[PDB]
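**Q** Structure below; questions to follow.
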Amino acid sequence: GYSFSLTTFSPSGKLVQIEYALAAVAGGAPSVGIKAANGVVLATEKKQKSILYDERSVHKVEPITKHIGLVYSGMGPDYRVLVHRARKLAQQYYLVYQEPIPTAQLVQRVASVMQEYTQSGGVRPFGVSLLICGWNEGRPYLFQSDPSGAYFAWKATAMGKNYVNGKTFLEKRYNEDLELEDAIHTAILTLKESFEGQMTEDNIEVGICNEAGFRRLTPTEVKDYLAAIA
Amino acid sequence: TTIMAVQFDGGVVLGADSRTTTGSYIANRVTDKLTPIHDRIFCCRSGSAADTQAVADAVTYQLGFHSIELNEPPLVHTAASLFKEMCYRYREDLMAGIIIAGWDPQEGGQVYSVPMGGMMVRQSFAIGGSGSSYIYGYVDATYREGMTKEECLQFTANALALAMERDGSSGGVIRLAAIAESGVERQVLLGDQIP
Amino acid sequence: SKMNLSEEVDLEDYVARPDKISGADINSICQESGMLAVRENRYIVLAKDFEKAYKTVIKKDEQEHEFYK
Amino acid sequence: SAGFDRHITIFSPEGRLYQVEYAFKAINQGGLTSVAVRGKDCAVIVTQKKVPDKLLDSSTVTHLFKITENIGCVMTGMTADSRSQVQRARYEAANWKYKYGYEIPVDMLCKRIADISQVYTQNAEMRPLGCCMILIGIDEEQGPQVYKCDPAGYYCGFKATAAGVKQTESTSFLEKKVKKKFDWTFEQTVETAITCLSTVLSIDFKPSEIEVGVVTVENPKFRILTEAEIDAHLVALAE
Amino acid sequence: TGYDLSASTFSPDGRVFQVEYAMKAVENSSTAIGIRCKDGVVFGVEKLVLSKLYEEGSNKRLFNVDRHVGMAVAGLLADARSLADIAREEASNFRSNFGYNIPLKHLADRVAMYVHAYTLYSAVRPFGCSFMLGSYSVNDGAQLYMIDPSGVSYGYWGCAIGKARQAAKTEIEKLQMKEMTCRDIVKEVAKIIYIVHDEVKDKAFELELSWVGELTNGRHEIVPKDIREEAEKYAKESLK
Amino acid sequence: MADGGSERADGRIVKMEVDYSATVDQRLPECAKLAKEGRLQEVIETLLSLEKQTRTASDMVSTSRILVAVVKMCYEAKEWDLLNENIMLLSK
Amino acid sequence: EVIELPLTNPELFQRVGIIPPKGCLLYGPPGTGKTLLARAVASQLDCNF
Amino acid sequence: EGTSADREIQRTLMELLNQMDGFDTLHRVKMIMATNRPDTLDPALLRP
Ligand SMILES: CC(C)C[C@@H](C=O)NC(=O)[C@H](CC(C)C)NC(=O)[C@H](CC(C)C)NC(=O)OCc1ccccc1
């Protein structure tokens with residue numbers, strides 16, 4: 001009877017439905033986030049199933065505020081719903097306090113939205129995991145919000161297929177005194193380890209959040225980093 | 001301010017002045033009172049600029065959904081009925097008088113006058129606004145059945161011009177539209193028809 | 001070594017290409033490439049034969065529903 | 001897995017949504033296939049129209065629907081479900097003119113249609129809707145645009161797209177054609193779309209069976225091609 | 001099959017059984033045949049008298065949706081009377097807001113949407129009745145549409161709903177509906193119903209005939225008594 | 001129709017012998033009508049075959065009366081084109 | 001074609017070095033290719049099965 | 001696979017794969033699995 005509902009406790013441990021949602025997050029395109037001394041760099045593997053799909057349409061790394069960006073691993077339709085809500089909460093903060101939302105607070109507010117779906121009822125939890133980034137307070141911030149609603153901060157993290165391989169790669173090569181450009185190279189390399197194919201400017205989408213804002217790298221820019229190694 | 005519509009056999013000629021006034025100040029000396037509700041239906045609006053702009057936009061949205069939904073060109077009688085229903089329902093709230101004149105394949109060129117009450121009447125010639133009182137005689141004197149589009153265009157330009165001169169509220173430029181099976185031809189007369 | 005081989009094919013090029021190719025998958029690429037040559041009646045397996053089988057073997061998702069990413 | 005979320009829209013071990021995945025199958029239950037091809041300056045929708053009985057009006061049975069003057073869609077799936085989506089898409093396109101003062105971009109109609117579908121998946125008390133919608137329109141600064149939406153709520157922009165029973169084979173023919181470098185003109189795009197259905201079905205259909213809708217940069221309005229025009233293209237491709 | 005119980009639940013293959021179960025009840029119902037003659041649409045229903053205590057005109061299966069539009073229903077009558085009310089309301093609102101009599105194409109689309117909505121929700125069973133709508137207008141000419149229990153609506157030159165839909169449709173195809181005058185068509189409808197009556201199995205039956213057309217001046221009136229009597233005589237002679 | 005096809009063959013055989021090449025072009029619409037006709041799908045095909053047979057005689061003329069082997073290739077593609085309008089699932 | 005090449009020449013498959021394919025699956029609609037054509041293959045190879 | 005009876009036929013299919021290649025292949029005899037009867041087809045069997 002357990003594992004079919006999020007409104008009932010496991011007869012010993014914890015509700016299984018949230019854990020199944022985590023399984024859907026695990027079955028996602030690899031996403032790598034590398035916090036660096038001067039910025040946070042986020043990346044995902046965007047591979048179209050067929051040549052026909054246009055690579056300039058739906059975008060995996062999407063800006064939420066001028067200084068805040070989000071990346072996702074998990075079911076793609078669910079991501080758009082939270083991308084809209086996160087953006088809206090950032091606007092409501094600006095109207096109420098006339099300041100861009102701090103990155104830490106946005107993650108807490110986004111997490112509360114995700115927790116509401118996990119609440120009792122027909123509603124099923126979001127199947128996406130997120131990697132919010134920010135440059136608020138002069139400090140680079142990288143955070144993760146899970147379907148359950150827990151939020152954590154990562155110097156570097158990976159989600160989706162081969163998260164373990166990526167995390168072990170990150171353990172070996174991530175230092176701390178590294179510029180965003182060096183962080184860009186490491187982020188591309190971790191995706192390459194889990195990339196089933198040859199990475200191309202279209203294949204990888206990379207987004208940076210330096211002390212200027214969150215700007216998705218232009219396809220030409222991604223190609224230059226993919227070229228010359230990395 | 002001054003709005004008039006005359007129905008020739010193949011279409012309707014609609015004309016109006018260009019003045020929006022707050023007190024004795026002219027907010028816009030060049031106002032397009034005539035607005036396209038649909039491809040072949042136009043409404044000339046008199047009364048409150050805000051109320052008229054809102055009801056016209058609301059009808060344009062409702063008619064557009066109806067035409068795509070039914071896959072047919074909209075009849076003028078329905079367009080008038082949509083304006084009439086809103087005006088009667090919000091009679092106390094709105095202060096707008098509208099002349100709905102358009103070409104419909106089923107019934108041909110037609111002119112409908114919705115007074116501020118929301119009453120609807122189909123009229124061969126309808127004049128509306130502050131200037132209308134001044135030209136009521138010329139309109140019921142120089143109107144002859146079976147006038148050509150060119151004659152109707154001359155009649156509207158002359159009747160609106162006579163009212164604009166008498167009414168302080170109405171003045172500026174005369175905007176003329178002729179709607180037919182071919183479509184709508186819009187001309188601006190720079191205060192011509194001086195008598 | 002067991003099969004005749006093109007004798008001009010570079011096996012290394014296929015090895016350098018990535019993908020999670022298991023030992024069973026590698027066996028399929030080689031066996032299918034030989035089979036494709038038999039279908040086209042070539043006694044010697046050809047470089048083109050290997051690529052077509054390699055693509056067939058890396059069916060990867062094959063189906064899937066796009067959502068679930 | 002099976003025997004778990006089979007009866008409800010809930011998560012399954014391995015995070016699989018069974019009821020939403022079953023919805024993609026219902027589109028195939030329609031028994032019809034559609035192909036849409038983008039072009040240098042044109043977007044073409046082609047579908048197979050089957051008249052089951054002579055005592056049925058060919059005009060009434062159409063799966064090509066105009067949503068707005070510049071936007072038209074092909075609906076593959078259950079007929080009732082396809083029509084409900086068409087009303088919602090027309091309402092949203094109309095609201096966009098009503099609340100934003102401009103016509104809906106084709107990309108934006110898809111997001112709105114997909115978002116309605118996604119909510120049905122997350123919240124219960126709704127069947128997902130057994131239909132797939134392909135939308136064609138010309139966008140200034142984007143060129144002709146072909147876009148597709150799924151019952152799950154997935155939306156994407158496709159250079160060429162197919163749906164229905166023969167979608168996998170149809171995409172495969174399109175993949176070879178798209179791989180060729182040459183861009184396609186209105187004649188070529190109508191030809192590629194008709195050939196894609198012809199190769200996949202092998203019907204060699206008469207002008208009545210194929211329904212073609214085309215939107216062009218020169219004529220932005222979505223136009224449903226008349227039977228005579230459809231035949232002229234069909235004879236020319238045969239040569 | 002287990003998955004068959006809920007309208008909200010798709011089957012693993014990809015179909016909803018609850019929608020299908022509604023259609024089988026429509027199939028069990030007595031046949032109703034409608035033919036679109038050039039001058040209007042004529043509707044006949046094989047209404048079955050039961051008990052004989054019930055007075056004539058009881059349980060009528062022919063209803064007037066609007067003065068111009070008319071409806072023939074096959075299935076549970078109670079579901080049909082509800083659908084007729086929904087259509088009467090939609091026609092009422094259309095004349096009410098748009099100002100002109102409802103186009104049959106629009107009324108059919110709206111009633112179909114109400115039938116479609118019932119299929120998507122678990123609380124409400126899908127409607128179990130299938131109906132056809134016919135009207136005559138100078139602007140649109142004669143129009144006939146049929147809506148199934150799954151809310152699918154398409155135009156038909158001729159259509160039959162009920163146990164003998166297939167048998168009647170074969171007889172309907174022979175008639176020259178495109179150019180036939182409606183007064184002649186009424187007689188053909190009587191014959192088609194008499195051919196598919198299966199009277200020995202169904203015992204007694206009462207023929208209901210409905211007419212909308214240029215002759216009727218766009219009013220869906222029941223065929224005047226005596227015109228039906230002639231059609232009944234023509235059908236009886238043809239049967240023997 | 002079979003009687004019409006026999007009439008078409010008899011009418012143009014004399015015309016084809018007299019004409020350099022245009023008469024084959026003249027009988028091409030008759031070929032199109034027979035390709036379009038599916039009433040029999042067998043006898044109509046033989047009438048098309050009779051027209052093709054006259055086309056073979058025209059090819060003998062193309063090798064002899066017209067420049068050797070010049071219009072035969074154009075006719076061969078054209079006969080394939082006549083088949084193209086109504087493939088009929090590569091049957092009949 | 002698949003059955004005949006090993007049946008005519010297993011040694012040619014041996015020269016290629018590919019094991020001759022042991023079997024093929026005739027997935028098809030029931031009865032049309034299942035009730036009938038099951039033993040038609042036996043005539044195609046001209047031997048009892 | 002079931003508590004009362006498991007997938008003995010599926011085990012036989014895996015055993016069949018072993019019999020088909022190596023231990024029992026001679027005389028160019030083809031053990032064609034030309035059957036649409038099985039509900040499930042082994043992915044490993046599908047391998048060339
Ligand atoms: C539809 C217009 C083109 C007709 C226009 C004629 O000048 N009418 C008007 O402009 C009416 C005057 C009218 C009551 C006599 N006045 C107005 O619309 C002006 C706004 C100006 C900036 C243009 N005043 C206004 O709307 O606020 C007071 C008010 C509010 C509601 C109704 C009437 C008056």
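First residue shown is number 1, and so on along the chain.
The backbone N, Cα and C atoms fix where each Cβ goes, and this holds for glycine too.
Okay, these came from Swiss-Prot:
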MOD_RES   F:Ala2  N-acetylalanine
CROSSLNK  F:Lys92  SUMO2 cross-link
CROSSLNK  F:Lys92  SUMO1 cross-link
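Can you tell me where each of these features sits in the structure?
**A** In this structure, F:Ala2 (N-acetylalanine) is part of a helix by DSSP.
Under the three-state DSSP scheme, F:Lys92 (SUMO2 cross-link) falls in the coil class.
Same-chain residues at least 6 positions away in sequence with a Cβ under 8 Å from that of F:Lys92 (SUMO2 cross-link) are, in sequence order, F:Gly38, F:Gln41, F:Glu42, F:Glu45.
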**Q** Taking the Cβ of F:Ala2 (N-acetylalanine) as the reference point, list residues of the same chain whose Cβ is under 8 angstroms away and which are at least six residues distant in sequence.
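**A** Those within reach of F:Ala2 (N-acetylalanine), by Cβ under 8 Å and sequence separation of 6 or more, are F:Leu40, F:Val43, F:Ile44, F:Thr46, F:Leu47.
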